[PDB]
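Q: Experimental coordinates follow, after the sequence.
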Amino acid sequence: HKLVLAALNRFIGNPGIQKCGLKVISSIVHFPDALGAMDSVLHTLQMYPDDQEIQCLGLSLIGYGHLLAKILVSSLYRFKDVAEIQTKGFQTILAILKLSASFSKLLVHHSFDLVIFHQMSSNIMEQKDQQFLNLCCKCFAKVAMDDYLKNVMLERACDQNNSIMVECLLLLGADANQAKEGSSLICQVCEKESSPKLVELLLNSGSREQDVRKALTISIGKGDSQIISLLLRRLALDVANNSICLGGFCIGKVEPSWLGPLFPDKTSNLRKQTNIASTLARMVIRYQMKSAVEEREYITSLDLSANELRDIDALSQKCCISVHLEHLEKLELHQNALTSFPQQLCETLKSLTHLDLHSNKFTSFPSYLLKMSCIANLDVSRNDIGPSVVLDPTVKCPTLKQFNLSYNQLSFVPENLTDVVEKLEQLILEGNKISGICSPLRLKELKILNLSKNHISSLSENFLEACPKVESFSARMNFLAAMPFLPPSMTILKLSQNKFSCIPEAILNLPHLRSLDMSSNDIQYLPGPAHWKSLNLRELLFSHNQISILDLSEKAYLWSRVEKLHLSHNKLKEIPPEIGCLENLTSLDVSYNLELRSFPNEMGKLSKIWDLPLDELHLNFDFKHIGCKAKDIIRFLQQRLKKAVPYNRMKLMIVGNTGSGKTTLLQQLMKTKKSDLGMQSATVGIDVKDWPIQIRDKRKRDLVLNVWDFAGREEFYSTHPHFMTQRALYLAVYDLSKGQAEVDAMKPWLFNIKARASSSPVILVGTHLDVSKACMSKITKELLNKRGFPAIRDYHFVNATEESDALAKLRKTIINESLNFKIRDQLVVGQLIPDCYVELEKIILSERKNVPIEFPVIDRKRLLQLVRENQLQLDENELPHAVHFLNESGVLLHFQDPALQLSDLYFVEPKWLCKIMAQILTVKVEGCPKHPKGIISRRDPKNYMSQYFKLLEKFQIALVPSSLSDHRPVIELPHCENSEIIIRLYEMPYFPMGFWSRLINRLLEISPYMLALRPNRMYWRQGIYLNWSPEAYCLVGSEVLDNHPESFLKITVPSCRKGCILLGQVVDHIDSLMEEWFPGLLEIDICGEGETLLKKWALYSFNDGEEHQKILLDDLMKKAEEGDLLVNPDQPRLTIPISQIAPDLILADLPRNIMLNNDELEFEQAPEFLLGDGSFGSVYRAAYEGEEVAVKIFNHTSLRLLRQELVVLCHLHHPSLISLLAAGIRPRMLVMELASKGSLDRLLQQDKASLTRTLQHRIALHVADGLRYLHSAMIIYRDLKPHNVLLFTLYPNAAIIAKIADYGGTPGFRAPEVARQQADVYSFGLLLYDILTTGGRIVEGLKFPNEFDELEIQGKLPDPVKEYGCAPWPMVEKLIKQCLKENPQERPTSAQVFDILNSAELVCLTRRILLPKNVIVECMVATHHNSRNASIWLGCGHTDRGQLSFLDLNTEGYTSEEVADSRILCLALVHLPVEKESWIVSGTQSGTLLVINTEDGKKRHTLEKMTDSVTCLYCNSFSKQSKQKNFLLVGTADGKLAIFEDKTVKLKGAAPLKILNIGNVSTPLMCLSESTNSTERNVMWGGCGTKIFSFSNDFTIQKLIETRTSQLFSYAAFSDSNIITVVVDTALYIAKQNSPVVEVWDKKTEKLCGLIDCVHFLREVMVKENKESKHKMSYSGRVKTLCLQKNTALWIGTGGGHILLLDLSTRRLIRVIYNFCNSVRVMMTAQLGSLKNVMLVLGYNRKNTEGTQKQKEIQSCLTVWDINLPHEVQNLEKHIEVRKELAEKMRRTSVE
Ligand SMILES: C[C@@H]1CN(c2cc(-c3n[nH]c4ccc(OC5(C)CC5)cc34)ncn2)C[C@H](C)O1
Ligand SMILES: Nc1nc2c(ncn2[C@@H]2O[C@H](COP(=O)(O)OP(=O)(O)O)[C@@H](O)[C@H]2O)c(=O)[nH]1
């Protein structure tokens, strides 16, 4: 019982008894392992806390419900640091967790954090219980198992400021951008007044930039000077570029105490005290993996434009930066609201040369801005400068160049220019209010004046009489009358919008003038080219004048260079033929004249014309179906210059109805005697026949009209519209037996004749007198004549079987009607064509005398062979029109239609192919009607069955829409309550025949409605009724309402949100058809009234449901109700939104947020407010509730086009796309993002100082991404060029830099056009080329612009670095070539080019130099003393004897010169500060140490001949003699340090100061190094044999560290071999011959503190991409050389074809950059041409071209990397990830 009694007695013993009871139970707990005390021993703790002597015991006994934990920490917290009782506690926790894992989560539940934080931070480090502390890292490692536990405790770890532990947690993961995304870590960390080290650690690791900006706003709220300067240093600083990009931020005020540390400071050097955190992180990681596995120096200018600086005086003082400003050389203050530029500032900075501050609110040009030392381009161009701007004459500033004064409120030209600004060039004064006549203006160097938009009366006669270099005087929009003796030097003169009456003779005589724009003048006579006295006229812009003649008869060749001639809006009469001499004409413009009417054939010689607007003028020809475009018009005018002839050979379409005198009247018109077939049957198809008529009269014109006796029976009634062209003479026939009743039923036919060919004649012909009613002439005169039916021109009553004069009269009438057609007096029947067409027609007809009957088609190859067989003058560009024209004449049908596919096949003999297309429509099936009537599958010879229905369903006969269930099946809509449906009518007098056949076939195949779920559809002849659901369905019905002889087209669609989509997408397909095939219907006949024959109604009802009637409304009149949005009757209390009865016209269908209310508008449209022109309209700027927002206004255009654009540009959200904000119906225009820094063309035109390669690459990458998305959206751009790319910010590493405008071409932007997909790739190639070029492609657009598609694969293209001089930039120079394949199949995809652009290597490298063929070189030395242009001196080893091998870099010219009798090993540079020379030294195989001068390759003197092979040379920094001093080291193959002095090199056989024999004959000296710092007096370290050594100015071995005696043998010879390399840093990194591992010694302890293996980094990559590497287990690959950067990383040069980056501080591998060489032999650092700190890499590329001959072809591929690589490989890495998250977050807005 003792256990039971002891426990219960200790329980009841509330006073005193516990102190002993606990000792009794702690002794007894070991022996029986007893069994119900835990609860009571728990209870007693609460029952009396606070007694240490029992607390320790209780904790000791807990280890032998959750309230347990609640007492534990509350104990350890109540005894934080009283004694080592925490030991017993943490032992208890460690015991409990290892058996109950989840209890750990319970511990952190209560208070664990409070006490563990305290213990790990109560200064426990270097206190004696370091082993107890090891148990506690062991605790934490299991504590931080759950990542969420890391994040939330991290949250708590920043609440209380604790730098060491927050750093430790960051090293353990625990991302710092997860808390709230609106109030995430940095926000409260700057709110709670934390420490700079706490904020810096948060910023350095993952911290989203938006949160940083929010925290910047917060920390601006308070006054903090060490947290602000750390937020800016991560938000705005480009250290690579020396910048401050503080642009977008809304900083309330700038104070130098913030930017203080942003400027570079040489004193900045900080120790390593946070190593505690790294050590603790290492211990935690160790315990975690154990628990896991088996348990000068001045910056550039400043960001300043849009900051609304109401004052800039803050910088005028003598503050911290008042000495860095003195070398600014560019200052931008435009668009702020400044005033009165501070006088102290404008003399503080004495090197400013682009000061521009416009759009500010100045009111007085300071006139003390001009006392700066070297200023130019002074620009104040939108301020409110006072009425006069006189310059004070006490300033003599000559350096000013471009003194802009645009758009001020001036009243005079500035007064004292001539005495102040002498060298002034571009004095601009436009937009002012200059009124009075100007000054004599004695400026000696004006080069571009300007006076536009002033109010000038006239110019003084001595205005330009003293400015002998003016070039571009341009006074637009003034009130100007004459010109005052312009100096003979003007080149460009622009004088538009003035008030002239004739070109003043002061212009007709300028001896060098080049362009003259005088548009919008009211002038009368344009003097002939014999009045212009100038040999170089290029542009002559004269639009909007009143010009009568275009005098060119006098002397035309004197204007042979003219390239632009704009004469629009003039009273011209005709173009004189002398215009044919201006061969260099490029852009003629004679539009809007309304009185020109004819083009002379002479213009066909002006082949350079690429545009020729034809707006509002009528020509002979110009008929759209045959009308040419651009050069095609010139080709037409040139072929018409050759020879145009009368063609005289037309058509007669006979038309009947189911029976009449048609065939028996055609067989009587043709007088056909044969009667071969004694019994003709009903007509099949159209049966084309032809019959010549040599009219035996004075007119010998033997006219041949072809008769097409159309099908009578109604069954053929769908194809006939195809054979009714506009050019014809139709008959029609009665069968007068059913007189006055058949004549009624003939009405549809005439109607169709009025539908297709409005201006075609018709001839009625009675066909029966033998069969009996002849009063039919009544009704044809009574009803049929002139009411909506075509221009009947006769009627006859022949027998059409035999014996009468009436037939002769019918013949005469037909002949005389044919010879009298002449529509619009154009006379079709004899019009002129090139004889080539007639020849082609003749040869084709003669092949109607030779073809296969089974397949009358001709292949295009056969046609191009038959043109060769004859002597036709046609090329591959003539046939595309030739065959079309011959199609127009009924010779052969060929299909070029975009709706189908272009036919390689040619349908000569149409007479049987029309016969073939109708066979299917007559074959029936009286077998088993297994399918509903009309639908059928493939059921019928040699491959012809394939082409038959490869034509017929291309002909949309497939399921035959004809003979298809005329009676409609009964259909009921889910909802028919008069208010959930939308209904639209199409009342028309009679359906077109193939209307339904082609209507149900256009709606049918559009399956992806509201995209890919197909609907169920049950479609009879005249209806569809698709359905997805009761939420989406459509019934395009066909009913006739009672007492309505017309025929309607009822469409019903639910008024739901998606139903409006159905409506719109169906009305588009029903309207576009009507204007594509039936232009007669939707042709408003102003003659009579606007019937339009197509009265598209709209049905609306006020009474929601049970309206008892649907109220009509004509759609046009409803469209007139667009000034509002709601319709309402004469009774105005109730109304229906137009948004409820026609949601398709209505704006709301795309995301509803697009709506412009016309309320909070803010706008202007003057010629400053547009931003550019493009496609179908232009774009302007305005504001609304916004500030700046762009508006795309439209021309002329239509709400067809806009509906396309609305949908297609919407529903597409992408970072590279220019998203639109709103649309405006009333204002007929759209709204877009304002592109802040301009367009790419502008950027190229101006800003070439500021295009970094990074930046160019960013733009290209952004663009590559947009184009990729556009192909994700499966579509062409078709508009890619500098004019179309928009730039937002000029900050290189931003998130949005470039975007792409208007969507699916130019001489400056050509391709081999598909119609003359993969094409946009090529267009991108052009843009990319120019971006690489920076303005080379169309600067030539001022010069030789036709040449832009002439050298198409052939131009400056072969070497554009060479052809433009731009900075070399490989990989992408290969990318454009490799992209730019002429064949579209050969081009890579846009996704592929985007992926290749997303490659840090494409951004990081600039050149290599493949040395001459088979040269082996193994040593090289750079030159930094002449840092202007440097040459890299190489050795050789292709020869066993020594050649030196010079190699320059700016010329890349290799030279060879044998200088030694034995192969060289190494060289070095010893430059002497005296005598200004750099002796170059070379050590060799024989020991013959050679020294040769820099410039002289003859003053050579080998020094003492060494004993063994010299392995090394080196030049040190040893100034130990109180002066500048240097030495030289000769590493030989034995260790003998033959040291010398910097100057003693000249004397033959130099004297070694201290000959230090170090190594042995078997231990070869093999590497030397200097130290990393200079504070250790440059202790020198050199490897020797296998033991590294060191020395100093003493030149005595200071250490004999041995490496072979290593205690970590994984292999021996990797350390048991001769040393190869040594580098001196905080530690030592060493490698040996063929050692694939590097050894890391320490200088003090001399211990192998590191062992870093190379193939330890080769595995990770090879495993996927090298499968043959599984056979290469005995791997080649080892450290062939070392090269260490200053403090960032270390570059391992492999013996293989690889290179390794090592971040020596924290993470081992940054990147391996392979596949660029095969053996990295040499590596070193250097400086070149102010591009200091480059790293040269001499690698090998062996070619086994003759490897079978045991020989390899060697190319020493010397490359030059930019040493800044280890940053960009980790910084650009990051930059992708940024844009990847943003790629996804943006696509969330597409979801919702
Ligand atoms: C420098 C000036 C130039 N600017 C622009 C803006 C734009 C522009 N923005 N948004 C657009 C949307 C469409 C668009 O279609 C083009 C390419 C057809 C002209 C242009 C812009 N295009 C040139 N320049 C903006 C102002 C503030 O700055
Ligand atoms: N007796 C008689 N028959 C005629 C006359 N004109 C046409 N027909 C008949 O019309 C038929 C000619 O075919 P047509 O009607 O032109 O062919 P369809 O239009 O394809 O049916 C023959 O059967 C003729 O006998 C006429 O004046 N007298």
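A: Perfect, I can see it now. Numbers count the residues shown, from 1 in each chain. Ligands and ions are numbered 1, 2, ... in the order given.

Q: all helices for the stretch 201-350 of the chain, in order.
A: 209-221, 228-235, 256-259, 275-293, 345-348 (DSSP state H, counting those that start in this stretch).

Q: Tell me the buried residues in the last one?
A: It stands for helix 345-348. 345, 346, 348 (16 or more other C-beta atoms under 10 Å). Where you see a C-beta, it was placed from the backbone N, CA and C, and this is true even at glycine.

Q: With the first one instead?
A: If you call a residue buried by 16+ other C-beta under 10 Å, then helix 209-221 has these buried ones: 211, 212, 213, 214, 215, 216, 218, 219, 220.

Q: any chance of the residues you listed in a markdown table, with distance to residue 497 too?
A: Output for the buried residues of helix 209-221, formatted as a markdown table (distance: C-beta to C-beta, whole Å):
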| residue | distance to residue 497 |
| --- | --- |
| 211 | 54 |
| 212 | 52 |
| 213 | 48 |
| 214 | 52 |
| 215 | 55 |
| 216 | 50 |
| 218 | 55 |
| 219 | 55 |
| 220 | 50 |
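
Q: quick check, nearest of the residues you listed to ligand 1?
A: residue 213 (22.9 Å; C-beta to the nearest ligand atom).

Q: residues touching that closest one, list them.
A: 235, 249 (C-beta atoms under 8 Å, 6 or more residues apart in numbering).

Q: still on that earlier bit, with distance to residue 1702 as extra columns, can I get the helices of the stretch 201-350 of the chain in CSV?
A: Output for the helices of the stretch 201-350 of the chain, formatted as CSV (distance: least, C-beta to C-beta, whole Å):
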stretch, distance to residue 1702
helix 209-221, 29
helix 228-235, 25
helix 256-259, 35
helix 275-293, 17
helix 345-348, 47
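
Q: so which of those comes closest to ligand 2?
A: Nearest of the helices of the stretch 201-350 of the chain (C-beta to the nearest ligand atom): helix 209-221, 79.7 Å.

Q: Check the contact between residue 714 and residue 658; I expect there is one.
A: Yes. Residue 714 is within contact range of residue 658, at 6.5 Å (criterion: C-beta atoms under 8 Å).

Q: what's the single longest strand in this structure?
A: strand 1731-1743 (DSSP state E).

Q: Name the residues of the helix or strand following that one that come out as buried.
A: Counting by DSSP states H and E, the next helix or strand C-terminal to strand 1731-1743 is strand 1753-1762. For strand 1753-1762, the neighbour count (16+ other C-beta under 10 Å) marks 1754, 1755, 1756, 1757, 1758, 1759, 1760, 1761 as buried.

Q: OK, contacts around the closest residue to the third one other than its chain neighbours?
A: Sequence neighbours aside, residue 1411 is the residue nearest to residue 1756 in space, at 4.6 Å (criterion: C-beta to C-beta, 6 or more residues apart in numbering). By C-beta under 8 Å, 6+ apart, residue 1411 lies in contact with 1417, 1447, 1454, 1755, 1756, 1757, 1758.

Q: ok, 7 Å please
A: Residues in contact with residue 1411, defined by C-beta atoms under 7 Å, 6 or more residues apart in numbering, are 1417, 1454, 1755, 1756, 1758.

Q: Among the residues you listed, list the two that are farthest apart in space.
A: 1454 and 1755 (12.4 Å; C-beta to C-beta).

Q: do you know how far the residue in the stretch 801-950 of the chain that ligand 1 sits nearest to is from residue 783?
A: Of all residues in the stretch 801-950 of the chain, residue 898 sits closest to ligand 1, at 26.5 Å by C-beta to the nearest ligand atom. Distance from residue 898 to residue 783, counting by C-beta to C-beta, to the nearest Å: 42 Å.

Q: okay, those two: which has more neighbours?
A: residue 783 (13 against 7; other C-beta atoms under 10 Å).

Q: Check the gap between the more buried one and residue 928 for me.
A: Taken as C-beta to C-beta, the span from residue 783 to residue 928 is 48 Å.

Q: repeat for residue 91
A: For residue 91, the distance to residue 928 - C-beta to C-beta - is 92 Å.

Q: Mind checking which of these two has more residues around it?
A: Using other C-beta under 10 Å, the more surrounded residue of residue 91 and residue 928 is residue 91, with 16 against 6.

Q: So the more buried one: helix, strand or coil?
A: Using DSSP: H, G, I helix; E, B strand; the rest coil, the structure places residue 91 in helix.

Q: what's near enough to touch it?
A: By C-beta under 7 Å, 6+ apart, the neighbours of residue 91 are residue 63.

Q: do the same with the one 3 residues further on
A: By C-beta under 7 Å, 6+ apart, the contact list for residue 94 reads 135, 139.

Q: what secondary structure does it sit in?
A: Residue 94 ends up helix, using three-state DSSP.

Q: CA atoms only for stretch 542-558 - export them in CSV, please.
A: What follows is stretch 542-558, C-alpha atoms only, in CSV (Å, rounded to 0.1, in the frame of the first residue of the first chain):
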residue,chain,number,x,y,z
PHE,A,542,0.2,72.4,-101.3
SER,A,543,-3.0,70.8,-100.0
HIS,A,544,-6.3,72.7,-99.3
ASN,A,545,-5.5,75.5,-101.7
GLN,A,546,-7.6,76.7,-104.7
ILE,A,547,-5.4,75.6,-107.6
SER,A,548,-6.6,75.4,-111.2
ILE,A,549,-3.7,74.0,-113.2
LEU,A,550,-0.8,71.8,-112.3
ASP,A,551,1.6,73.3,-114.8
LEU,A,552,4.2,70.7,-115.9
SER,A,553,4.3,71.2,-119.7
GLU,A,554,7.1,73.8,-119.6
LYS,A,555,10.0,71.7,-118.1
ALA,A,556,9.2,68.6,-116.1
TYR,A,557,12.7,67.0,-115.6
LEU,A,558,13.8,70.0,-113.5
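
Q: can you pull the buried residues of whichever strand or helix holds residue 839?
A: Element membership for residue 839 (DSSP H and E) is helix 835-847. By 16+ other C-beta under 10 Å, the buried positions in helix 835-847 come out as 836, 837, 839, 840, 841, 844, 847.
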